[PDB]
Each structure stands twice: as structure tokens, then as C-alpha cells.
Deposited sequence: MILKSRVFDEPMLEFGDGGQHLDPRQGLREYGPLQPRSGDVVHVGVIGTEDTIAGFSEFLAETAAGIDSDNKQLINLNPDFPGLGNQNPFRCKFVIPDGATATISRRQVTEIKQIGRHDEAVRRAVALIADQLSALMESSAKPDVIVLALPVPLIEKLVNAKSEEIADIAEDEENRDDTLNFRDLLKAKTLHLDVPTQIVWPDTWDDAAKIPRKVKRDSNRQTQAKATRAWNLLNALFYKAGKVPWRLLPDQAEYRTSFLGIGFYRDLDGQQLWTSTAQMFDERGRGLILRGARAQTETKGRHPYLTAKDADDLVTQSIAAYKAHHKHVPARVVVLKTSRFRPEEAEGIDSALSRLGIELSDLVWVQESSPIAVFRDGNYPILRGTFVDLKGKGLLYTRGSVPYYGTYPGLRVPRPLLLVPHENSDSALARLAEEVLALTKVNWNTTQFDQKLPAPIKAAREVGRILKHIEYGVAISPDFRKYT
């Protein structure tokens, strides 16, 4: 069984600067393509306290924040501030009149509603109005931060125990869907720690703790990405704009006949994603195992390449297609028909198994190195999470579990090259600045846009900008 340990994928950071770590590369070289006078205009929706609280945290962020403990300085870095050592080379400013205030009564009204689904719908309608008012030429915010009070988030977000669906409405998913036609990305934050909220289940009680420097890194990187700026670029050695990575996924509607709908998540080496919605899917058994016909896969790939051409003005030379389910013969046929028609002669079809039970185990307390790759006779065991030499530790606690990559026979590239690209694609991050993520960006975006698009009626045109789904 052949085994390799891939190097941590390198990133290009601007002025040709190259580094494996998004944070250190930004500190040393800045972002990829900065323009003099760059500024991210940040709108704020919240109460008088949370608005003032967010303004305070943005100020400490601008001044610079020291690490809590520099023993693991790469995992727990300082934030150098937004002045002379600005890692984003960009100003983060709340314009005048770019804040909408939620009244104390409006917060209490929602907390007091007895039925959870009605509380979510009332909260979504309230925030959508404040969002729309902020975009009525009051200012032109590039991204709007939603600083809801702690009790309001606890009302809207279900709790799961420290140890550890659609029965209840998801506030975040409904909010992102109901505000998608407004062309603003939003960032929901806890008003005490200022990290991401409403994306995962919360705890029953909020801790009073800190790692303020890390939370500053994550918040600005999320606002940076949402504003549309490129922090760095992947695959620096490879010529840019040559290869594109087309994820194909499915989500299931809740009403009607619970039909599945195909989605496309295409990313470039600059981490920018284009989201496209295809035709309804077939299913193999009892409405499960969604799949596309050859005509529908052909249509979806063609619509995707056309959107790539409308934004980048040229057509990719290679297209790597990623799926979390095996490629049906119809899907492989439709992908080939669409690509050959457009003159794209290079293609790889990779089946990415998230839940394979196959694993390998080293002797000791630390887990396998991230980047370890084991060839299992045409199937690639790839450890996207695990021990990270750059961090000097294993950043998790529960053991990691590898991806299993199965390339289709129609693929042009060797298994080891595709696994290294999948490893590199895990670095595209819109939520944290820690690069040891499990899934490559095209597959991650599939799950995220599926939870949102099932609240938008089929047939309605949707924005292709992935940054507005994050």
C-alpha cells in the first residue's frame, strides 16, 4: 500500500509572497491584490448595546490584540492591528448612518413567542426590514454585521448538550434565504465574544470564559471575504485561471413532492465561488439517492461554464468535478458531452466520500499527520485533518477521520495529484483563519447553499455570488 505525506499546500499572498499559513502570509505580504485606499464598509444591525459593543471590539481590533499564550504562537497568534502592520491592507469602517437599531421591545416580543417557528419567522421579517432600510441609499454597506443580543440568539438557536434537521425552522437558513435578493452578505455574531453564531447548535448556558486575537482574525477575514476581496490564491505554481473545480450537489425540498434539486458550486484558485441551480434530480429508490440525467448534467455543467465565462471572460482549460455521491453513468456521460462541446479537453471526476470507515492508525497519542495519503488500489485515503507540524499540535480533540477519494475512469489525472488538489481546496476558508479543514471548498459550499435554497421556490433566479450565501 503506497503512502505519501503531502506538504502543506502553499498559497500566494501578493507581491509574489508565498506561505502555507493564511494568517502569517497576510501579516508578511498583505492580501493578493490590494488597491490603495481599500476600505470595507460595515453596516451593523442590533440593539444600542450590541451596536456600541461591536464598535468597541472593532476599535480594539484596529489597535492590535495580543495572544493569550504564545507557546503555540502559530495556532494562537497576535492580531497586529489595522494600522501599519494591517494584514488586510484594508480599512474596516462603519459609515455614518449605516446602523439600524432593534428596539428593546422587539427583542422581548420575539423571546416571548411560544411557538418556535413563529418566533423565527418574526425575527427574519424584522431583520429583513432593517436590512432593506439600510440599503435604501442610507449608505452602501459591503457587508452587514448582525449583532443580536445573547437572549435573542438563544431563543432562535436550539441547544445541544456539551457532549453532542427540519422539525424546527433554522433561523440562519431562513434569514439567508429571505435576504438573498438584497445583495448584501451578512455576518451573525455573538455580542459578547464576537464569533460566528446561529450556524451550529449552541450550549444551554453561555460561558464567561478568551482568544480575542483569534476571534478578531476570524471576524475580519469573514468580512474581507464577504466584501468580495481576495486574501490569497491557491496552487501558486499552477497557471491561474486554467483549472476550475465544479462541485455538484443536491438538496431536498420540504413541500410539494419533496423533489431533489441539483446545485453547482464552482470555485477558482482565488477562492471565489459561483452558485448555480440546475434541474430537478431523479432518485434511485423511494425518493432517495438523488442523481441527474445525462441531459440535465450536460445542462448544469454548461450553465456553470457560461457563468465562469461571464465573470472571468475566458473558459477554463481543465474542470475537476467533485461529488459526494458516486457518479452515475448518466452523469459521467452528460459531463463529457458538455465539456467536449465547449472544447474543454481536460477533466477529472472525483467521488469524495465523507463517511468512509477506512482509517489508518499510528502508535502514540497524536493522530496521523494532515496530508497523509494512502493508495488503496485506485482509492485515495486522504487525511485533511490531523496533526499539523506548523501548529505544533493536533488542533482537535476527537480523533480525525480521513476522506476517501475515488476518481472516475474518465479522469485524466493520477490519484495522487487529485488528492493534493483536494487537500489544497480545504484551505479556502470563509469562516475561520485556521487552515486544517476537512472538506474542500466545492463540497462545503454544497451543504451550505442547500440549506438556504430549499427555502427559495424552484424556478426563482438566484444570485451566483457564493459570498452572499456564507
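Q: Should a student be asked to find the unmodelled regions, what ranges of the deposited sequence would be the right answer here?
A: Several regions go unmodelled: 1-2, 167-175, 221-223.
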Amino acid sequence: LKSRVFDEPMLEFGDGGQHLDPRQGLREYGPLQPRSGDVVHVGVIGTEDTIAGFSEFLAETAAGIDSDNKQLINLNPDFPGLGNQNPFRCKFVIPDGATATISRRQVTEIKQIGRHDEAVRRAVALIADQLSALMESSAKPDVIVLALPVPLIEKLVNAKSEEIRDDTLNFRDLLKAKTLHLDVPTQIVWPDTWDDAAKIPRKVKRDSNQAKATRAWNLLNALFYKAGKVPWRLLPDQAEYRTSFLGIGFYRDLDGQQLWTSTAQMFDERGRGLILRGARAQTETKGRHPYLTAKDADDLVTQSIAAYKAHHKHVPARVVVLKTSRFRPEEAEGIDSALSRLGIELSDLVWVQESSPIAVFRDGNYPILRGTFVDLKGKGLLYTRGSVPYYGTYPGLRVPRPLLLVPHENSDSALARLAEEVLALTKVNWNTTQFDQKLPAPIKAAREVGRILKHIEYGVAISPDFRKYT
From here on, numbers count along this sequence of modelled residues.
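Q: Report the stretch with the higher mean CA temperature factor, choosing between 189-197 and 385-393 on the basis of the entry.
A: The entry gives the higher C-alpha B-factor average to 189-197.
Q: If you average the CA temperature factors over each stretch, which comes out higher, 274-282 or 308-316?
A: Stretch with the higher mean C-alpha B-factor: 308-316.
Q: Specify which of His289, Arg172, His116, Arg341 carries the largest Cα B factor in the deposited PDB entry.
A: Top of the list by C-alpha B-factor: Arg341.
Q: Specify which of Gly81, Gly371, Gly378, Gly249 carries the largest Cα B factor in the deposited PDB entry.
A: In the PDB entry, the greatest C-alpha B-factor among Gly81, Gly371, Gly378, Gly249 is found at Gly378.
Q: Among the chain's modelled residues, which third holds the C-alpha B-factor of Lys323?
A: Bottom third by C-alpha B-factor.
Q: Taking the chain's C-alpha temperature factors as the reference, tell me which third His181 falls into: lowest, middle or highest.
A: It falls in the top third of the chain.
Q: Name the third of the chain's ranked CA B-factors that contains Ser138, choosing lowest, middle or highest.
A: Ranked within chain, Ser138 CA B lands in the highest tercile.
Q: According to the PDB entry, is the CA B factor of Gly14 in the bottom, middle or top third of its chain, that is, lowest, middle or highest?
A: Ranked within chain, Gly14 CA B lands in the highest tercile.
Q: Lowest, middle or highest third of the chain for the C-alpha temperature factor of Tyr241?
A: CA B-factor rank for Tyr241: highest third.
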